[PDB]
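Engineer: Sharing work_4.tsv (TSV, N, CA and C atoms) below.
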```tsv
chain	number	residue	atom	x	y	z
C	1973	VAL	N	-59.08	135.63	-56.13
C	1973	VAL	CA	-57.84	136.34	-55.86
C	1973	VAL	C	-58.03	137.19	-54.61
C	1974	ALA	N	-57.41	136.76	-53.52
C	1974	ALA	CA	-57.34	137.50	-52.27
C	1974	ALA	C	-55.92	138.02	-52.08
C	1975	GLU	N	-55.71	138.77	-51.00
C	1975	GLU	CA	-54.37	139.22	-50.67
C	1975	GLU	C	-54.17	139.21	-49.17
C	1976	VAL	N	-53.03	138.68	-48.74
C	1976	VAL	CA	-52.68	138.56	-47.33
C	1976	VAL	C	-51.19	138.83	-47.19
C	1977	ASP	N	-50.77	139.18	-45.98
C	1977	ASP	CA	-49.36	139.45	-45.72
C	1977	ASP	C	-48.57	138.15	-45.73
C	1978	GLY	N	-47.55	138.10	-46.59
C	1978	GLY	CA	-46.71	136.92	-46.71
C	1978	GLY	C	-46.17	136.44	-45.37
C	1979	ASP	N	-46.33	135.15	-45.10
C	1979	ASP	CA	-45.85	134.57	-43.85
C	1979	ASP	C	-44.35	134.29	-43.91
C	1980	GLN	N	-43.78	133.97	-42.76
C	1980	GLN	CA	-42.35	133.68	-42.67
C	1980	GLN	C	-42.05	132.21	-42.95
C	1981	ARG	N	-41.26	131.96	-43.99
C	1981	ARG	CA	-40.91	130.59	-44.37
C	1981	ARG	C	-39.81	129.99	-43.51
C	1982	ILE	N	-38.86	130.82	-43.09
C	1982	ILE	CA	-37.75	130.37	-42.26
C	1982	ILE	C	-37.68	131.04	-40.89
C	1983	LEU	N	-37.48	130.22	-39.87
C	1983	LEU	CA	-37.37	130.70	-38.50
C	1983	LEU	C	-35.95	130.44	-38.02
C	1984	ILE	N	-35.40	131.38	-37.25
C	1984	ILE	CA	-34.03	131.24	-36.76
C	1984	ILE	C	-33.89	130.00	-35.88
C	1985	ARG	N	-34.88	129.75	-35.03
C	1985	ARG	CA	-34.86	128.59	-34.16
C	1985	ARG	C	-34.85	127.33	-35.01
C	1986	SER	N	-35.62	127.37	-36.10
C	1986	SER	CA	-35.76	126.26	-37.02
C	1986	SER	C	-34.42	125.67	-37.45
C	1987	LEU	N	-33.58	126.48	-38.09
C	1987	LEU	CA	-32.39	125.98	-38.77
C	1987	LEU	C	-31.27	125.57	-37.82
C	1988	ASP	N	-31.43	125.82	-36.53
C	1988	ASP	CA	-30.50	125.30	-35.54
C	1988	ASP	C	-30.61	123.79	-35.45
C	1989	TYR	N	-31.81	123.26	-35.65
C	1989	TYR	CA	-31.99	121.82	-35.70
C	1989	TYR	C	-31.61	121.24	-37.05
C	1990	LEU	N	-31.78	122.02	-38.12
C	1990	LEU	CA	-31.61	121.49	-39.47
C	1990	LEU	C	-30.14	121.33	-39.83
C	1991	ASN	N	-29.25	121.93	-39.04
C	1991	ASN	CA	-27.86	122.08	-39.42
C	1991	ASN	C	-26.91	121.32	-38.51
C	1992	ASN	N	-27.43	120.41	-37.69
C	1992	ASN	CA	-26.58	119.70	-36.74
C	1992	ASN	C	-25.75	118.62	-37.40
C	1993	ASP	N	-26.16	118.13	-38.56
C	1993	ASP	CA	-25.39	117.15	-39.30
C	1993	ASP	C	-24.60	117.77	-40.45
C	1994	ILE	N	-24.70	119.08	-40.64
C	1994	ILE	CA	-24.03	119.77	-41.73
C	1994	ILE	C	-22.98	120.68	-41.11
C	1995	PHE	N	-21.72	120.26	-41.16
C	1995	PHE	CA	-20.61	121.03	-40.61
C	1995	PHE	C	-19.89	121.69	-41.78
C	1996	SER	N	-20.39	122.84	-42.21
C	1996	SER	CA	-19.78	123.54	-43.33
C	1996	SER	C	-20.12	125.02	-43.22
C	1997	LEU	N	-19.11	125.88	-43.39
C	1997	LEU	CA	-19.30	127.30	-43.13
C	1997	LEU	C	-19.79	128.08	-44.34
C	1998	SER	N	-20.16	127.41	-45.42
C	1998	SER	CA	-20.58	128.09	-46.63
C	1998	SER	C	-21.76	127.40	-47.31
C	1999	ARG	N	-22.49	126.56	-46.58
C	1999	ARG	CA	-23.34	125.56	-47.21
C	1999	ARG	C	-24.68	125.40	-46.49
C	2000	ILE	N	-24.98	126.24	-45.50
C	2000	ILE	CA	-26.07	126.09	-44.54
C	2000	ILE	C	-27.44	125.93	-45.21
C	2001	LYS	N	-28.32	125.13	-44.62
C	2001	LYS	CA	-29.65	124.94	-45.18
C	2001	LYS	C	-30.67	125.71	-44.35
C	2002	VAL	N	-31.57	126.41	-45.05
C	2002	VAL	CA	-32.56	127.26	-44.41
C	2002	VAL	C	-33.94	126.70	-44.69
C	2003	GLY	N	-33.98	125.48	-45.20
C	2003	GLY	CA	-35.25	124.83	-45.48
C	2003	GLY	C	-35.03	123.35	-45.68
C	2004	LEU	N	-35.97	122.73	-46.38
C	2004	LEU	CA	-35.89	121.29	-46.59
C	2004	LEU	C	-34.78	120.95	-47.57
C	2005	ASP	N	-34.72	121.66	-48.69
C	2005	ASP	CA	-33.70	121.39	-49.69
C	2005	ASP	C	-32.95	122.62	-50.18
C	2006	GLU	N	-33.42	123.83	-49.90
C	2006	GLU	CA	-32.70	125.01	-50.37
C	2006	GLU	C	-31.54	125.30	-49.43
C	2007	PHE	N	-30.43	125.75	-49.98
C	2007	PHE	CA	-29.22	126.02	-49.24
C	2007	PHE	C	-28.95	127.52	-49.22
C	2008	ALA	N	-27.89	127.88	-48.50
C	2008	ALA	CA	-27.40	129.24	-48.41
C	2008	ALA	C	-25.90	129.11	-48.56
C	2009	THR	N	-25.31	129.77	-49.55
C	2009	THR	CA	-23.86	129.65	-49.73
C	2009	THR	C	-23.11	130.96	-49.90
C	2010	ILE	N	-22.02	131.11	-49.15
C	2010	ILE	CA	-21.18	132.29	-49.25
C	2010	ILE	C	-20.40	132.19	-50.56
C	2011	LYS	N	-20.23	133.31	-51.26
C	2011	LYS	CA	-19.51	133.29	-52.53
C	2011	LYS	C	-18.03	132.93	-52.38
C	2012	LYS	N	-17.53	132.09	-53.29
C	2012	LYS	CA	-16.14	131.66	-53.28
C	2012	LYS	C	-15.17	132.77	-53.71
C	2013	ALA	N	-13.98	132.80	-53.12
C	2013	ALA	CA	-13.03	133.87	-53.43
C	2013	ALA	C	-11.78	133.52	-54.24
C	2014	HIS	N	-11.75	132.32	-54.82
C	2014	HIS	CA	-10.61	131.86	-55.63
C	2014	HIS	C	-9.24	131.94	-54.95
C	2015	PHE	N	-8.98	130.99	-54.06
C	2015	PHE	CA	-7.74	130.85	-53.26
C	2015	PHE	C	-6.46	131.69	-53.45
C	2016	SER	N	-6.03	131.95	-54.69
C	2016	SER	CA	-4.83	132.75	-55.01
C	2016	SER	C	-4.63	133.97	-54.12
C	2017	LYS	N	-5.74	134.50	-53.61
C	2017	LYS	CA	-5.74	135.62	-52.69
C	2017	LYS	C	-5.51	135.18	-51.26
C	2018	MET	N	-5.14	133.92	-51.03
C	2018	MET	CA	-4.88	133.44	-49.69
C	2018	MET	C	-3.52	133.86	-49.17
C	2019	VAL	N	-2.71	134.53	-49.98
C	2019	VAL	CA	-1.37	134.90	-49.54
C	2019	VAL	C	-1.44	136.09	-48.61
C	2020	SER	N	-2.55	136.81	-48.61
C	2020	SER	CA	-2.65	138.10	-47.95
C	2020	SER	C	-3.13	138.01	-46.51
```
Write the structure described by the file as C-alpha cells, please.
Structural biologist:
Amino acid sequence: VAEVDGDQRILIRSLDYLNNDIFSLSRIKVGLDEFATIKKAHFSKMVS
C-alpha cells in the first residue's frame, strides 16, 4: 500500500477529438464509454 497524487483521467484537449461524431448538447463523452449529461427539465416549462 503506497500513496500518490491522483492523476488526471480527462484532458480538455482530449474530448475535442472524442466528440466530433456526437452532435448533442446534453450527451458529451469525457472518456471511452462514460458520458456527461445535463439534467432534463420536462418540456411543459417551455412556454416561458
Engineer: Taking only C-alpha atoms into account, which of C:2019, C:2010, C:1983, C:1973 comes nearest residue C:1996?
Structural biologist: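 Once distances to residue C:1996 are computed over only C-alpha atoms, the minimum belongs to C:2010.
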Engineer: I want to know what sits within 8 Å of residue C:1997, based on all atoms listed in the file, with residues of the same chain fewer than 3 positions away left out; could you give that as a PDB file with N, CA and C atoms, in the coordinates of the input?
Structural biologist:
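So the final result, stored in around15.pdb, reads:
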```pdb
ATOM      1  N   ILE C1994     -24.700 119.080 -40.640  1.00  0.00           N
ATOM      2  CA  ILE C1994     -24.030 119.770 -41.730  1.00  0.00           C
ATOM      3  C   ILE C1994     -22.980 120.680 -41.110  1.00  0.00           C
ATOM      4  N   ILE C2000     -24.980 126.240 -45.500  1.00  0.00           N
ATOM      5  CA  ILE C2000     -26.070 126.090 -44.540  1.00  0.00           C
ATOM      6  C   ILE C2000     -27.440 125.930 -45.210  1.00  0.00           C
ATOM      7  N   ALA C2008     -27.890 127.880 -48.500  1.00  0.00           N
ATOM      8  CA  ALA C2008     -27.400 129.240 -48.410  1.00  0.00           C
ATOM      9  C   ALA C2008     -25.900 129.110 -48.560  1.00  0.00           C
ATOM     10  N   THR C2009     -25.310 129.770 -49.550  1.00  0.00           N
ATOM     11  CA  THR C2009     -23.860 129.650 -49.730  1.00  0.00           C
ATOM     12  C   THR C2009     -23.110 130.960 -49.900  1.00  0.00           C
ATOM     13  N   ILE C2010     -22.020 131.110 -49.150  1.00  0.00           N
ATOM     14  CA  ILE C2010     -21.180 132.290 -49.250  1.00  0.00           C
ATOM     15  C   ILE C2010     -20.400 132.190 -50.560  1.00  0.00           C
TER      16      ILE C2010
END
```
Engineer: Have a look at atom CA of residue C:1992 and atom N of residue C:1979 and let me know their distance in Å, one decimal.
Structural biologist: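 These atoms are spaced 26.4 Å apart.
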Engineer: Draw an axis-aligned box over all listed atoms of stretch 1989-2005 of chain C, pad each side with 5 Å, and write its centre and edge lengths in Å, one decimal, as AutoDock Vina command-line options.
Structural biologist:
```
--center_x -27.5 --center_y 122.6 --center_z -42.9 --size_x 26.9 --size_y 20.9 --size_z 24.5
```
Engineer: May I ask which of the residues C:2007, C:2002, C:2017, C:2012 is the closest one to residue C:1980, counting only C-alpha atoms?
Structural biologist: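 Under the stated criterion, the closest residue is C:2002.
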Engineer: Quick one: pick out all alpha helix (DSSP H) residues within chain C from a backbone DSSP run and write them as a compact mmCIF listing (two decimals) with N, CA and C atoms, in the coordinates of the input.
Structural biologist:
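states23.txt, written as the output of this step:
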```txt
# COMPACT_ATOMS: atom_id res chain seq x y z
N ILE C 1984 -35.40 131.38 -37.25
CA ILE C 1984 -34.03 131.24 -36.76
C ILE C 1984 -33.89 130.00 -35.88
N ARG C 1985 -34.88 129.75 -35.03
CA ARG C 1985 -34.86 128.59 -34.16
C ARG C 1985 -34.85 127.33 -35.01
N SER C 1986 -35.62 127.37 -36.10
CA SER C 1986 -35.76 126.26 -37.02
C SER C 1986 -34.42 125.67 -37.45
N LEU C 1987 -33.58 126.48 -38.09
CA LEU C 1987 -32.39 125.98 -38.77
C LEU C 1987 -31.27 125.57 -37.82
N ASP C 1988 -31.43 125.82 -36.53
CA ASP C 1988 -30.50 125.30 -35.54
C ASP C 1988 -30.61 123.79 -35.45
N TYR C 1989 -31.81 123.26 -35.65
CA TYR C 1989 -31.99 121.82 -35.70
C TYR C 1989 -31.61 121.24 -37.05
N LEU C 1990 -31.78 122.02 -38.12
CA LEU C 1990 -31.61 121.49 -39.47
C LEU C 1990 -30.14 121.33 -39.83
```
Engineer: Please measure the separation of atom C of residue C:1989 and atom N of residue C:2013, giving the value in Å to one decimal.
Structural biologist: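 About the pair atom C of residue C:1989 and atom N of residue C:2013: they are 26.5 Å apart.
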Engineer: If you measure from atom CA of residue C:2003 to atom N of residue C:1978, what distance in Å do you get, rounded to one decimal?
Structural biologist: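 Atom N of residue C:1978 lies at a distance of 18.1 Å from atom CA of residue C:2003.
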Engineer: Write out as a ChimeraX atom specification which residues come within 7 Å of residue C:2001 when counting all atoms listed in the file, dropping same-chain ones fewer than 3 positions away.
Structural biologist: /C:1987,1990-1991,2004-2008
Engineer: For those residues, write N, CA and C atoms to a file as an mmCIF file, in the frame of the given file.
Structural biologist:
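Result written to selection38.cif:
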```cif
data_model
loop_
_atom_site.group_PDB
_atom_site.id
_atom_site.type_symbol
_atom_site.label_atom_id
_atom_site.label_comp_id
_atom_site.auth_asym_id
_atom_site.auth_seq_id
_atom_site.Cartn_x
_atom_site.Cartn_y
_atom_site.Cartn_z
ATOM 1 N N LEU C 1987 -33.580 126.480 -38.090
ATOM 2 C CA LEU C 1987 -32.390 125.980 -38.770
ATOM 3 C C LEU C 1987 -31.270 125.570 -37.820
ATOM 4 N N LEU C 1990 -31.780 122.020 -38.120
ATOM 5 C CA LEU C 1990 -31.610 121.490 -39.470
ATOM 6 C C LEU C 1990 -30.140 121.330 -39.830
ATOM 7 N N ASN C 1991 -29.250 121.930 -39.040
ATOM 8 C CA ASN C 1991 -27.860 122.080 -39.420
ATOM 9 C C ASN C 1991 -26.910 121.320 -38.510
ATOM 10 N N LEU C 2004 -35.970 122.730 -46.380
ATOM 11 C CA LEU C 2004 -35.890 121.290 -46.590
ATOM 12 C C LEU C 2004 -34.780 120.950 -47.570
ATOM 13 N N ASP C 2005 -34.720 121.660 -48.690
ATOM 14 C CA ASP C 2005 -33.700 121.390 -49.690
ATOM 15 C C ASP C 2005 -32.950 122.620 -50.180
ATOM 16 N N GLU C 2006 -33.420 123.830 -49.900
ATOM 17 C CA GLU C 2006 -32.700 125.010 -50.370
ATOM 18 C C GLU C 2006 -31.540 125.300 -49.430
ATOM 19 N N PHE C 2007 -30.430 125.750 -49.980
ATOM 20 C CA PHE C 2007 -29.220 126.020 -49.240
ATOM 21 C C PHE C 2007 -28.950 127.520 -49.220
ATOM 22 N N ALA C 2008 -27.890 127.880 -48.500
ATOM 23 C CA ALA C 2008 -27.400 129.240 -48.410
ATOM 24 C C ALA C 2008 -25.900 129.110 -48.560
#
```
